[PDB]
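The chain below stands alone and is given in structure tokens; this is the form deposited in one PDB entry.
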């Protein structure tokens, strides 16, 4: 095995294929990357047995076929640590891989490519293509609401839902919910899967904001994403996801609109004197005005008054201010819409200018 390649053509691929690798593997070879020279192409693969990322690099300098595995962290650090515009010559010499460039030489330990574990083979039964940016928006809009290591394992992940011509993402930790729907211009079957949170992050981070389209394949227990030179594959979470349609407030008739930043800064100051554990704040809403109050066990008190667009009936309601701020921070828009009903119902939050993303927070009594 032999190749010579520019440092810069190796770094992005190394970032991508390093993502999956867990910090304390059950096998020695799981700390390594698989390297293959074949048909004019170097492929790198990293895995953790749950998910896998393969990157491809075209080889325009002379090369010799073969495969081996090297420690991922070290080989990445060497390449990244080498100077800008460097040529990186790699060759397999016995049970060592030789890396050199200019007058820097490294000898890396190998494990055999034959021991590198592959993911279970599977069949695609739902496929579609879409702009990278559409996938990026779907995930960014909802990712923060995924559970982290809940015992309800199916919440530690994101629901991907196909219906008609749109793709929808949903996330919830059992307390707050985020949903986002985008049309993708392909007739799709009605289908639903749960991607594990680590898989969702790899996917998100494999999208480089560029013009390459993203192709998605979904099987019974697996999902795969292909964009340009990168192919990501992950297991699905085998569980049942809650129905998001049930939590959405029915016919909220009291819509409040305000500048996202102004509402955010007001909640952010009020939060300073909220309960540190339960983070409850009170909204008093009246004609074109909102008053926000907070207090903590030490009886310190905050109050914020802003001008808003609001014409409905006067009402009160409490919320977890961290959840509201998470929503306002994910939105990053000019104007926000808060769709209110009463003191005992939940609230749905959106960009004033767009219904594509919706967020649901529970009422707090105080």
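Numbering follows the first chain given and starts at 1. Rigid core (definition): largest C-alpha set, two forms, superposition within 1.5 Å.
The discussion below concerns the form deposited in another entry, not included here.
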| item | value |
| --- | --- |
| 2 Å-or-more CA mover between the shown form and the other one, where superposition uses the core and the choices are 82, 206, 290, 270 | 82 |
| Post core alignment: residue 61 C-alpha displaced by 2 Å or more between the shown form and the other one | yes |
| Core-superposed C-alpha of residue 186 shifting 2 Å or more between the shown form and the other one | no |
| Cα displacement of residue 102 between the shown form and the other one reaching 2 Å, rigid core superposed | yes |
